[PDB]
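Written out below as structure tokens is the structure these notes cover.
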Amino acid sequence: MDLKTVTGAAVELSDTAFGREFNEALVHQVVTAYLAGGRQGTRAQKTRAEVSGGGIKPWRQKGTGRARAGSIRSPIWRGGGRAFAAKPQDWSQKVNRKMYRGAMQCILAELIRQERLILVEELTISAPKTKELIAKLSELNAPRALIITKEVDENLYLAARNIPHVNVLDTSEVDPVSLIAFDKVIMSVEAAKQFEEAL
Amino acid sequence: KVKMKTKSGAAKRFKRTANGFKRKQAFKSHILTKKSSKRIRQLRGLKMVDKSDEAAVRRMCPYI
Amino acid sequence: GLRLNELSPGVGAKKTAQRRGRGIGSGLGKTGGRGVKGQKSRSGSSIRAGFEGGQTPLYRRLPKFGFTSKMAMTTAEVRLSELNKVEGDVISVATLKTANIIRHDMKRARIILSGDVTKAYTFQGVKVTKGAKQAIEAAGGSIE
Amino acid sequence: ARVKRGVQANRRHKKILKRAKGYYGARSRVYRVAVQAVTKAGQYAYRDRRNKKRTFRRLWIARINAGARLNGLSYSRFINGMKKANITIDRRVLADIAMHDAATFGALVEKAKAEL
RNA sequence: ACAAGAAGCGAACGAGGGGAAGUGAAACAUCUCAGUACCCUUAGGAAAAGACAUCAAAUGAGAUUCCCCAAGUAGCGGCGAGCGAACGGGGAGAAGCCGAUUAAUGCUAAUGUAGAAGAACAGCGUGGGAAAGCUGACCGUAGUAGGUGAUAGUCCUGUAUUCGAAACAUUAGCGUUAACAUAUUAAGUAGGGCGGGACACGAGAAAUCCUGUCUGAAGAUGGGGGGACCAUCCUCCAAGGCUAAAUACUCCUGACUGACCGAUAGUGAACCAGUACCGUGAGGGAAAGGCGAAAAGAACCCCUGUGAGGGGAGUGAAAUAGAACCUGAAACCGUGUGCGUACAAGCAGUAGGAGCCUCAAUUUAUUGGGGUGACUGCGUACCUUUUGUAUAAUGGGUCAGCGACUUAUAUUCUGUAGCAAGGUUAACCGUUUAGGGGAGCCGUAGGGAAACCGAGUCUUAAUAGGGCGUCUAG
């Protein structure tokens, strides 16, 4: 509802997007589906057909006193194919549109509840300097945080591009994992309004 | 993509109802002179597939 | 969420998959629940929908009946409770299509008495049942 | 995610062989023979855990029978005498008195002998 | 008798000429497998197709190709096993022409093929060695790179960033040159008979396309199609040739990535591998990685045959790290110590149990831990398969390593979560897990073969009777 930015100005955010509830089962599924979408799933193994050679019967079925065999590339043999060899596969799941929206509402609401959201009027850097933003985070009491602004600056990107546990994102490229991984979130008032409308 | 195939001949003999399937009765195609007129009358029309047999009909016709 | 550590699936959501042939204690050792020597215990076994072991299957002791009508596949039935998705007051075939009530390839539509309307409508080229007709005009609607 | 089972198999097989120490020949060296020796030992132990209770009562009764017969009656008449005198002393304690304190067992037989 | 080409080889993808069988149908011949494998011909960066003698039947649309739906529907089918559309909707890409050809040459522009610079750390303690510990600094458009004697943004190579080309390919624009091509509306053609083939469509009521054989028009007052066929209506003009993109693929070149492997794995091949080896041949086809940070790879002495091998010395943090070299398991084989064992019959253990030996306490043989096991009782391995196995029924010499319910899609039920009489988008676009995209799907109504009607409906002459439905959660 009514939050206070760093300077002290009064900003009011909708409860439907910033004070909803914590649905852990809902948040877990959306977060874990995002992590499964990070996989590229590129691998394979050879089956019986795929391994080199092994087309002829190694010996006759009866008489030799050995276990019957049909190929030297059997999955029982050393160097043989893999029974159930792996192939490339897709790991991306479907999260329902309302499920993704609801999870982001739950995460942002929970971020406020544990005093991890920081509202600022604006966060701009005069020069593309890492030291300038490192100093601005210190006075903001967030040495490692996730900065969310509208129209991420072309020199604010360079300032944060070297700081270890610090990332600057557009509001339209914020993911559920980023809101949870980082210790704090510095959202501008303008960017908080975007989440108010988009959630 | 790869879809389950309907048994196209089992769909010509079973029709979906609200709570089950319906079907015609047998013994009505030919040699009908020797049958009493009760058989010709009660073998005519629809019955319901038995509870026993409608698991098979569900596997044969997955889309009706 | 709090953290990537304390994110739990909400007990009851996940169930452990069954692995066949992993020892005596697992309950599926040595057979996978397949039983003993038989056709259904073999590697490529299946139930074969439409097979009773040799007697003429049920779908072949009974006769084929009826024919498929092409008209039935282009005639959609419309319910009174679905009309809240229509934009405006006119209820026509083209208007039911833009409301996504009927398929775009449906030629004609029928309005039946299923729910109840909430506003006056004007039906031009759709057939209305006797029960639906009195419910339409009870809300101020008309049929033309 | 290939899983190599060598480490877990090694300590699993070692656990069985450690439990088979002192066995003769292959029963304490090779796992295939030691695993069914360890299982068979556990089966014997489970049955011998019931038989122990069964075997020590035979020992007590025989010791009591010797003690009663040394001075007076037999075991069958001794147990009847203790039962009629409402004496609850168990056969374990009686066999210990008979084998370790003959004066008390002599006095204990008399109480049973006067009761029949 | 003179000039210009071709030849052959080499991945996959295309087009075309031929074309199985195993299998499934619980047999098998129609059918399926499948126009697949294979053989053969031949091209290009793609190929093919492509502008209506096409659909449609709506208010009409407007070439070809590819994707999501339509839909496992309509159909085909020993109507079996199976096979399986199209119309139309949503997208990608859009283009129509009569040379949209090919090959050179010269300018213009941009790449590519070598490169260059590139910040910032010290002290102390431990340590063989510092990058790790403690204290205090610095750079950052450069902080999760690879190394360096252990783990480094500040030691090195690097990274962010800014840039070089004498020369020669490559891409694009303009101009020129020379090779080819440049139809003028289409007769052995459309249609027909016979036999086949292709159409999802197996002759079927079989339209349409192809053609081996035999024939054969009309020719804009005309002709093709609209799934037998006729009439009406609509649509379009074959028998001339072209046409980009969206689509298919990887012998390859670069950059980058991986809940891919890590030496029995991953390529057959991490190593002098298509090798050794086997085969007349086609062909088949292995095994095999690791000293150490640095060879500092052990000068010299001793035993031995100037041998092997070792012991010293030395090097090294380490030498049971010494070259068969990191770690060094098990099977298996020795040596030493303690106990038991040469009068006693068997799945070799188990429950008791004397004695002996050995450690720790304890005021000194009393317990506790460890080893052994005289003697007593009980006791016929395991797996598999069976009515039933110690079975003289199967399998296993042992150890180590590997070895068998998977994956993709469809569907049904259950749980859980979000929304909820609604739920949800797919392909795609997207500055790409967002956002858009509502085509479609499921639910919300059923009855009947169907027309049709609809909380009813079907059967019926019947308003009777009866069948199937009705009075929510997806």
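Just so we're on the same page: letters track the sequence lines, and every chain starts at 1. Atoms considered below: every heavy atom in the structure, side chains included; atoms not considered: hydrogens, waters and symmetry mates.
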Task: Which nucleotide in E/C405, E/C468, E/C76 has an atom nearest any side-chain atom of B/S8 - done: E/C76
Open item on the list: When the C1'-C2'-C3'-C4' sign is the only test used, does the sugar of E/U73 come out north or south?
Closed with: north
Open item on the list: In whole Å, I'd like the distance from the CZ atom of A/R101 to the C1' atom of E/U433.
Closed with: 14 Å
Open item on the list: Could you identify the nucleotide paired to E/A70, looking across every strand shown and requiring Watson-Crick or G-U wobble geometry with both distances under 3.5 Å?
Closed with: none
- [ ] Answer yes or no for B/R16 and B/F21: cation-pi contact, defined as NZ/CZ to six-membered ring centre under 6.0 Å and angle to ring axis within 45°.
- [x] yes
Task: Under 4.0 Å protein heavy-atom contacts per nucleotide of nucleotides 257-269 of chain E, with B for base, S for backbone only and - for none - done: BBBSSSSBSSSB-
Open item on the list: Going by purine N1 to pyrimidine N3 plus the second Watson-Crick contact, or the G-U wobble pair, all under 3.5 Å, which nucleotide sits opposite E/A445?
Closed with: none
Open item on the list: For E/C28 and E/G78, is it a pair or not, if I count Watson-Crick and G-U wobble only and require both distances under 3.5 Å?
Closed with: yes
TODO: Using atom CE of C/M71 as one end and atom P of E/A449 as the other, report the distance to the nearest whole Å.
DONE: 16 Å
Open item on the list: For the structure I just gave you, are E/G123 and E/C134 base-paired, Watson-Crick or wobble, with both distances less than 3.5 Å?
Closed with: yes
Task: Contact letters for nucleotides 376-395 of chain E, in which S counts primed atoms plus P, OP1 and OP2 and B counts the base, heavy atoms under 4.0 Å - done: -BBB-BS-SSS---------
Open item on the list: Taking any heavy-atom pair under 4.0 Å as a contact, classify D/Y31: base, sugar-phosphate, or nothing.
Closed with: sugar-phosphate
- [ ] Kindly point out which of E/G84, E/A445, E/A410 is positioned nearest to the side chain of B/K5?
- [x] E/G84
Open item on the list: Under 4.0 Å, counting only non-hydrogen atoms across every strand here, what does B/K3 touch: a base, just sugar-phosphate, or nothing?
Closed with: base
Open item on the list: Testing the 3.5 Å rule here: is there a donor-acceptor pair between the side chains of A/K94 and A/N96?
Closed with: yes
Open item on the list: Using a 4.0 Å heavy-atom cut-off, does B/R59 contact any base of the nucleic acid, only the sugar-phosphate backbone, or nothing at all?
Closed with: nothing
- [ ] With heavy atoms under 4.0 Å as the rule, sort A/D170 into base, sugar-phosphate or nothing.
- [x] nothing
Open item on the list: Please determine whether E/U250 and E/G227 constitute a Watson-Crick or G-U wobble pair, defined by two donor-acceptor distances each under 3.5 Å.
Closed with: no
Task: G-U wobble or Watson-Crick pairing nucleotide for E/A12 (cut-off 3.5 Å, both distances) - done: none
Open item on the list: Closest approach to the side chain of A/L26, judged atom by atom: which nucleotide of E/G418, E/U73, E/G80 is it?
Closed with: E/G418
TODO: May I ask you to say what C/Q39 touches in the nucleic acid, namely base, sugar-phosphate or nothing, with a heavy-atom cut-off under 4.0 Å?
DONE: base
Open item on the list: Taking pairing as Watson-Crick or G-U wobble with both contacts under 3.5 Å, can you name the mate of E/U101, or confirm there isn't one?
Closed with: E/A179
Open item on the list: Can you see a Watson-Crick or G-U wobble pair between E/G456 and E/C468, using both distances under 3.5 Å as the test?
Closed with: yes
Task: E/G397 vs E/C249: Watson-Crick/wobble pairing, cut-off under 3.5 Å - done: no
Open item on the list: Tell me which nucleotide, if any, is Watson-Crick or G-U wobble paired with E/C419 when both distances must be under 3.5 Å.
Closed with: E/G474
Task: Gap between atoms NZ and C1', on A/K131 and E/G153 respectively (whole Å) - done: 12 Å
Open item on the list: Please determine whether any donor N or O and acceptor N or O are separated by less than 3.5 Å between the side chain of A/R97 and the base of E/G438.
Closed with: yes
Open item on the list: By the 4.0 Å heavy-atom rule, please label D/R32 as base, sugar-phosphate, or nothing.
Closed with: sugar-phosphate
TODO: Using a 4.0 Å heavy-atom cut-off across all strands, classify C/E82 as base, sugar-phosphate, or nothing.
DONE: base
TODO: Once you apply the 3.5 Å cut-off to both distances, tell me the Watson-Crick or G-U wobble partner of E/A360, or none.
DONE: E/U367
Open item on the list: Quick check against the 3.5 Å criterion: does A/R48 have a side-chain atom that pairs as donor or acceptor with the backbone of A/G81?
Closed with: no
Open item on the list: Rounding to an integer number of angstrom, what distance separates E/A200 and E/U73 when you compare their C1' atoms?
Closed with: 12 Å
Task: Flag side-chain contact, heavy atom, 4.5 Å: C/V93 against C/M106 - done: no
Open item on the list: Just to verify, which of D/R11, D/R12, D/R5 counts as forming a side chain to side chain donor-acceptor pair (under 3.5 Å) with D/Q8?
Closed with: D/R11
Open item on the list: Taking C/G38's backbone N and O only, do any of them form a donor-acceptor pair with C/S41's side chain (distance below 3.5 Å, no angle check)?
Closed with: no
TODO: Test the B/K7-B/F14 pair against the cation-pi criterion, namely NZ or CZ under 6.0 angstrom from the six-membered ring centroid and within 45° of the ring axis.
DONE: no
Task: D/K52 charged N/C atom sitting above D/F56 aromatic ring, 6.0 Å / 45° - done: no
Open item on the list: Only pairs with both distances under 3.5 Å count, Watson-Crick or wobble alike; so what is the partner of E/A299 in this structure?
Closed with: none
TODO: For E/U184 and E/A198, measure between their P atoms and round to the nearest Å.
DONE: 39 Å
Open item on the list: Could you check E/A150 for me: syn (within 90° of 0) or anti?
Closed with: syn
Open item on the list: Counting the atoms with a prime plus P, OP1 and OP2 as sugar-phosphate, which does A/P164 contact under 4.0 Å by heavy atoms, base, sugar-phosphate, or nothing?
Closed with: base
Task: Strand partner of E/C271, provided both Watson-Crick or wobble distances fall under 3.5 Å - done: none
TODO: Scan A/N162 against the nucleic acid and name what it touches under 4.0 Å (heavy atoms): base, sugar-phosphate only, or nothing.
DONE: base
Task: Output field: Watson-Crick/G-U pair E/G352 E/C375, thresh under 3.5 Å - done: yes
- [ ] Scan D/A37 against the nucleic acid and name what it touches under 4.0 Å (heavy atoms): base, sugar-phosphate only, or nothing.
- [x] nothing
TODO: Could you tell me whether D/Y46 contacts a base, only the sugar-phosphate backbone, or nothing, with contacts defined as non-hydrogen atoms closer than 4.0 Å?
DONE: nothing
- [ ] May I ask you to say what A/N155 touches in the nucleic acid, namely base, sugar-phosphate or nothing, with a heavy-atom cut-off under 4.0 Å?
- [x] nothing
Open item on the list: Under 4.0 Å, heavy atoms only, any strand: does D/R49 hit a base, just the sugar-phosphate, or nothing?
Closed with: nothing
TODO: For A/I56, report the nucleic acid contact type (base, sugar-phosphate, nothing); a contact means any heavy atom under 4.0 Å.
DONE: nothing
Task: WC/wobble flag for E/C76 and E/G82, Watson-Crick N1-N3 plus second contact under 3.5 Å - done: yes
TODO: Go through the N and O atoms of the side chain of C/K97 and the base of E/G438, and report whether any donor-acceptor pair is under 3.5 Å.
DONE: no
Open item on the list: Between the base of E/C405 and the side chain of C/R34, is there a donor and acceptor pair under 3.5 angstrom?
Closed with: yes
Open item on the list: Of the listed nucleotides (E/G447, E/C405, E/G456), which one gets closest to any side-chain atom of C/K130?
Closed with: E/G456
